[PDB]
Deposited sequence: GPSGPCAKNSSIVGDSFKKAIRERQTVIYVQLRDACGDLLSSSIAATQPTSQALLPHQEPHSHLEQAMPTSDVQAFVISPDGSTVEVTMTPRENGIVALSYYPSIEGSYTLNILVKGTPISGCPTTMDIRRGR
């Protein structure tokens, strides 16, 4: 039946914090309407930097409905993340990610 936005979510809260100029990975668990894990044309993910620019997000399909989202935050500050399943934000989206120089 494909992924269900309300049942799909980001794995953990590690995504809330990241380091500038380091390739960063966020894991998303896709679940159908029944809550079952899948098993990706229905999934969209974008990241906006603190100056309003789009950041390229790479999505790699993994086993049993996990999708790895990778991005490279070039500047410090408050990034915006949104992940849409069939045009609907998943649970917990859109959200903030704080990138530090650390």
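Comparing the deposited sequence with the modelled residues shows gaps at 1-2, 42-69, 133, with numbering starting at 1.
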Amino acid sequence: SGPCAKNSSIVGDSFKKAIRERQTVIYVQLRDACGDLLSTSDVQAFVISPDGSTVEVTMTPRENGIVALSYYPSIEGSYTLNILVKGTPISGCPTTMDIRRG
From here on, numbers count along this sequence of modelled residues.
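Look at the mean CA B-factor for 56-64 and for 73-81 in the entry; the higher one is 56-64. 82-90 and 13-21 differ in mean CA B-factor, and the higher of the two is recorded for 13-21. When the modelled residues of the chain are ordered by their C-alpha B factor, residue 49 lands in the lowest third.
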